[PDB]
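Below you'll find only one chain, the form deposited without its partner chain, shown as structure tokens.
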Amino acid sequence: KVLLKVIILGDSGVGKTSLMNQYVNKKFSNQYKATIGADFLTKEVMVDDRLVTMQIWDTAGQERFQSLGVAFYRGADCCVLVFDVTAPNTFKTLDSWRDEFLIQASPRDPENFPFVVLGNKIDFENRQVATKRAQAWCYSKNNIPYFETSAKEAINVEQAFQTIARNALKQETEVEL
């Protein structure tokens, strides 16, 4: 019985909120309800012989909803990085999201911290960002795992979150100290 904090970072419009309500509640909606502030949802899951409670913190990509020195980050056990395959700008921002996270949570051993990158929205056909340069990018950065997901049609949502889970748990375990 173990608690995992998991934070979902990335630009506004990538579908951070939609991946959440899909994974947790198996529901999808077209209605873009801009995420004000930062809340969470819990999903209970089984990872490797162990019941895990995953607290999933969904944040506001916009700077329209920033207050104001967000230290909700720390105690994080896995940071999830979401870009939109139809928008090259949301992929370019990933380092900046990754840097910002590491400043804020500043976990010890920062470069073994579990990141997961989700190429959301592959249910569309106008993908701009190939699988190949995002596969590269996740590899350039300590070989972090990468899925191409769709919250709408629910492709790789479950699979990806099994990895989010398992990696969150390894990291939690690493607090032997």
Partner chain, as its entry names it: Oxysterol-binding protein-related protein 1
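Positions refer to the first chain, counted from 1.
Comparing the deposited coordinates for 101-109 and 79-87, the stretch with the larger average C-alpha B-factor is 101-109. Look at the mean CA B-factor for 53-61 and for 114-122 in the entry; the higher one is 53-61. Which of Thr35, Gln128, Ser150, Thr42 has the largest Cα B-factor in the deposited entry comes down to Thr35. For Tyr146, the recorded CA B-factor ranks within the lowest third of the chain. Only modelled residues enter the ranking.
This next part talks about the form deposited with its partner chain bound, which is not shown.
Proximity of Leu102 to its partner chain in the deposited complex: non-hydrogen atoms within 4.5 Å are present. In the deposited complex, its partner chain lies within 4.5 Å of some heavy atom of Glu111.
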